[PDB]
Structure formats: C-alpha cells, structure tokens
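S.K.: Begin with these chain(s), straight out of the complex:
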Amino acid sequence: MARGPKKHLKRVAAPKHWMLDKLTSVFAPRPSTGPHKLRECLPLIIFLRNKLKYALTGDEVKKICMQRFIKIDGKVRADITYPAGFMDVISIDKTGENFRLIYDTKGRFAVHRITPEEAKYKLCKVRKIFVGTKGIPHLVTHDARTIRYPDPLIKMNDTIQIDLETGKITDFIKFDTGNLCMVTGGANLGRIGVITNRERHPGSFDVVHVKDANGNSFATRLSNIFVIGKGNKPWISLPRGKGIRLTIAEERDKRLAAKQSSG
C-alpha cells in the first residue's frame, strides 16, 4: 500500500549528484521537507561526512549538529537532513570557515570556501509577483522567502541580493540580453555565459540561449536560467574553472600534463 506520504528513500533511487556508494546499506537520508526541492537539495548529513569528512557515522553528525555549531543562512539548524541548496551559505563558527553551495561544472555541488566578508548576502531568483490585501505588493523567491514591499521594477526571472539578518533586498539584476547567467537544470548544469537570446513560444517552455567565454553556445529552458551578474562580472565568487565545461579530450590532456597523481 500507499495511502499516505512516504518517508523512506532507497539508496539506488536517491539522486545521482549526491555521489553515494552502493554497498553501505539499502537506504539514503531522505531530505526532510523544506524550501528546496527533493532532487535539488543536499541534506546537511551528506555535507559533513561524505564531503568534509568531519564526522564518520550518522550519530557523529547528530552530535555535531546538536551542539549548535552549524548555521544555514545565519539561523542555527539542528535537523541533520535539512535540505540545503543552491545559494545557501553554511557557516561553522567553531572553526571560522564558510561555504557557498554552487554547482561544479560536471553538474554537482562541491565545497567552495568564501571570505567571511562575503557570507553576509545571498542571491535569490524571483518566482512570483502579487498584490496582497490592502494593495501591498509581495515577492516569492526560489527558496520560498516572501518579501513585502519590493521596488516596483523587480519582475519575474530577475535576481535580487538580500541580507541574511534582515531580508530586505539590496540590489537586483534584471533578466535581459547581455547579462551573465548560470544554468541550473538538465544537460547544461553549472555552465556560465551571457544570455544573448530568448525565444518565446506562447504557452510552452520558452527557450533561452547562452554563450561561454570560448564561443561555445548552448540553449536551455528559461525556467533553468539563473542570472548571477550584471554583465561579464559575476557578483558572487566562482569555483575553479568557472563553468567552462571542457570536453574529455581536454580533460585527459590536463590530467596528463599536470600529472596529478600525488601531492
């Protein structure tokens, strides 16, 4: 039977970009309900023992999190399967280090340490616009936040830079032809380039083009574009190799020349 919501998640059926093994055991953490979709999230448990190696078994994650050390967007989260996701800024005070969840160019999250004078603001993508009771205009971002009284020029698909202690958006980039963008869905995942186009098929999945810093172009769907810069100048810091998605015939050459077989 299914008569209600499920609550376990099998290890094989889990998302691929979690990069889980196969022979530990039958289950996977099953992210809890949150602001980020179940396939797009990264639970806090998978970030501390599969990536940062800080813990070793699930109980060590539970007793790291209980001591109130970890902060997800300023607030102090105690749930180990909390669904962190794209544009969230984990902070570990007791160590003095910070991170930004951004897709690496193979289409998966990777650790990306940032300077503590940067981990005070995060970007959000506008999803909806509506006028509440008494005539107040609202906003909905990709991570479920609701901003009341936003500027009357910010529209859908735009990006806004908020603060983590107030909300209260500060800057906003407008979606049009010429601005930077990072792609967050499908085949082209974690690539960067100027938008350069947008076609519009009314009633079905408008399509968007892009263009890398090496001529490479790659279409996508508009609901997968995420503007991160005014133009050619990304606001937030970037991972190494900057979304350039080199082919395997190049990846082999760099592996051979660097001879990165040790340290």
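M.R.: Happy to help now that I have it. Numbering: from 1, shown residues only, chains lettered A, B, ... in the order given.

S.K.: can you give me the helices for chain A?
M.R.: For chain A, the helices defined by DSSP state H occupy A:44-49, A:58-65, A:248-258.

S.K.: Can you spell out which helices and strands pack onto the longest one?
M.R.: Helices and strands touching helix A:248-258, by 3 or more CB pairs under 8 Å, 6 or more residues apart in numbering; DSSP states H and E: there are none. No exception for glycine: its C-beta is placed from N, CA and C like everyone else's.

S.K.: outside of it, which residues touch it?
M.R.: residue A:246 (CB atoms under 8 Å, 6 or more residues apart in numbering).

S.K.: Would you pull up how far that helix lies from the middle of the chain?
M.R.: Its chain's average C-alpha position is 28 Å from that of helix A:248-258, according to CA atoms, centre = their mean, to the nearest Å.

S.K.: ok, now the shortest one?
M.R.: Relative to the mean C-alpha coordinate of its chain, helix A:44-49 is positioned 16 Å out (CA atoms, centre = their mean).

S.K.: OK, contacts around the most centrally placed residue in chain A?
M.R.: Nearest to the mean C-alpha position of chain A, by CA atoms, centre = their mean, lies residue A:86 at 1.2 Å. With contacts defined as CB under 8 Å, 6+ apart, residue A:86 is in contact with A:36, A:40, A:101, A:102, A:103, A:142, A:184, A:226.

S.K.: then chain B, please:
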Amino acid sequence: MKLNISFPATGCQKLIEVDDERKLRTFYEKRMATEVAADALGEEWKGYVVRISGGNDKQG
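M.R.: With chain B added, the chains above now look like this:
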C-alpha cells in the same frame, strides 16, 4: 444475591449477603438511580433509605 452497601459520608462499604427473598422484594421490578427504604432489610435499618446504583449479572 448479595449486596454491596456503601456510605458516602465517611467513605466505607461492606459486602453483605442475604437469602430470605422477603427482604428482597423492596428492590424487585425497579430501575437504577431509584431510592428505596431499607426498613425491610432488618431491625438495624429503620430510618434508612438507600439508592440503587447498579450491579452485575450472573456471568458478571
């Protein structure tokens, strides 16, 4: 049949037993929460009136 007499004043009780159905006719063909004088119960109960509060069956 036996009886389970109770006194809500001081909080005491006693399980008494009778057999002469003569001293049982005061109850027969009556309902619960009814009150009845215990004058036929014996010499010791004269100005005694008690309320029937239910009980059990044969088989319990």
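
S.K.: mind redoing the contacts of helix A:248-258 now chain B's in there?
M.R.: Outside of helix A:248-258, the residues within contact range by CB atoms under 8 Å, 6 or more residues apart in numbering or on different chains are residue A:246.

S.K.: ok, now stretch A:8-24?
M.R.: A:25-30, A:39, A:42, A:46, A:50, A:107-109.

S.K.: same question, stretch A:230-239
M.R.: Taking CB under 8 Å, 6+ apart as the criterion, the residues outside stretch A:230-239 that touch it are A:100, A:102, A:104-105, A:110, A:112, A:114-115, A:118, A:123, A:161, A:171, A:173, A:178-180, A:192, A:194, A:228-229.

S.K.: Restricted to buried residues, select the residues you listed in ChimeraX.
M.R.: Buried residues within these, by 16 or more other CB atoms under 10 Å in any protein chain shown, are selected in ChimeraX with:
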select /A:100,102,104,105,112,114,123,173,179,180,192,194,228,229
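
S.K.: Number of residues surrounding residue 25?
M.R.: No chain specified, so I'll use chain A. Under the neighbour criterion other CB atoms under 10 Å in any protein chain shown, residue A:25 is assigned a count of 7.

S.K.: wrong one, I was asking about chain B
M.R.: 10.

S.K.: Same question for residue A:225.
M.R.: With neighbours defined by other CB under 10 Å, the count for residue A:225 comes to 23.

S.K.: For it, name its beta-bridge partners.
M.R.: Beta-bridge pairing for residue A:225 (DSSP bridges): residue A:183.

S.K.: Include this sequence as chain C:
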Amino acid sequence: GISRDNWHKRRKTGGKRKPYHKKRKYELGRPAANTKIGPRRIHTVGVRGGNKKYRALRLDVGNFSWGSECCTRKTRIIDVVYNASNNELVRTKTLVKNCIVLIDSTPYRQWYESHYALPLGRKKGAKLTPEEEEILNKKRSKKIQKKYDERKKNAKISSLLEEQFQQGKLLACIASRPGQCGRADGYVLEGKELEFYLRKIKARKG
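M.R.: One more chain to add, chain C, which I have set with the ones above:
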C-alpha cells in the same frame, strides 16, 4: 457507500469494463439535504481535510437583494412556486438553487419609502394618516428639496413590480446552494426574467 466513481459505467464503444479496485474513500457519495421551510436546522459534516461544511434543513430566512436599487435585506421566505428542473419539489416545497420563491417584501417597502419619501403600493389614505406620514412629510425645508428632488425623476418602480407590493409578496430566485453553505440567498426578479417566469407559472399550474 454511495459513490461518484467513473469506473462503474461503460465506455464509448458500448463495452463493459471489469472492476479495477474496491471503492476508495475519495469517491464518497453522502445523501441529499432536501432543505424544507421552517425554523432553522443546520447540521455540519466533516469533509476531506477538516473543513466543516454546513448542511441546511428547514430554513426560513434569506439575504435577498434588489439589483436596481442596490438594496439587500434579511427577509422571511414565504413559499416556493416554480422549479425549473423537477416539479415535485414545489409539491414538497424543497428549497434548492435556482428555485423560485415568494418572500415578504416589507423591508424593501420601508427602505424605498424612507429613501425616496414616496408611497409604494397602498390601498387608501386612511391607514397612512395616523402614523408613518410623520416620516413622509417633515420639519425640513432645506434638505426636503435639496436632496428629495435628487430622489425625484428616479422613483419609477416598474409596473410589473409595483403590482406585486399590493399583495406584499415578491418573486425571488435563489443563488446559493443551501445544502453546502447553510444560507439561502439570491436576488429579486426584474426585467425580462419576470415576464418569463410569470408566463411559466401561469402556464403550467392551474
């Protein structure tokens, strides 16, 4: 129980389908309300996801509106006359949406009088004299034409309507499912609907 499933009945081609599962709960039926007329009797039912739902039996009063004058007043409901779907609901006086009813029409008279300072359907001049004429004619001189001439050129209640008040019963149409909102609201007949239903009532019954 009773159910509103699609799968119990046959497809375009005229061929049967064999049963696919036991009746689910989300296909649930429940029986008719059949609102009668009388002193209020509203029950409630718990529906999918909490969400009280008020079933109405034995209603009496309705918040009817008068579109031309923008009036609306809690009014007693007198009777049902015509039912546009099944006729044996007027023989048993069950009160459902888009029924046709007679109401009491008194508060509309009171509003019209006090607002336009004029008389509606009356019989004589004897009853109006002992009282309520102290409202039609006033102390006022300033005001009494400064506004009551703004109420002139406008008091032209239609003939079909004016002929009704002389009995004190108005034709009205329900616009709410009593069995799902507990209330029996609606509007009062104007214009061409009036002629339609006058014809229909005079035609079928009697």
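
S.K.: again for the contacts of residue A:86, since chain C is there now?
M.R.: A:36, A:40, A:101, A:102, A:103, A:142, A:184, A:226.

S.K.: isn't the last one right up against residue A:179?
M.R.: No. Checked against CB atoms under 8 Å, the pair residue A:226 and residue A:179 is beyond contact range at 11.0 Å.

S.K.: Name the strands paired with the longest strand anywhere in chain C and say parallel or antiparallel.
M.R.: Of all the segments of type strand in chain C, defined by DSSP state E, the longest one is strand C:71-83. Listed by DSSP bridges, the sheet partners of strand C:71-83 and their directions read strand C:61-66 (antiparallel), strand C:99-103 (antiparallel).

S.K.: Closest one of the contacts of residue A:86 to residue B:18?
M.R.: Proximity of the contacts of residue A:86 to residue B:18 (CB to CB) peaks at residue A:36, which lies at 78.6 Å.

S.K.: The closest one touches residue A:83, doesn't it?
M.R.: Yes. With contact taken as CB under 8 Å, residue A:36 and residue A:83 are classed as touching, separated by 4.5 Å.

S.K.: Distance check, the residue nearest to the centre of chain A against residue A:53.
M.R.: Using CB to CB, to the nearest Å, we find residue A:86 at a distance of 23 Å from residue A:53.

S.K.: Kindly compare burial across the strands paired with strand C:71-83 and name the winner.
M.R.: Per residue and on average, the most neighbours among those fall to strand C:99-103, with a mean of 22 (mean count of other CB atoms under 10 Å in any protein chain shown).
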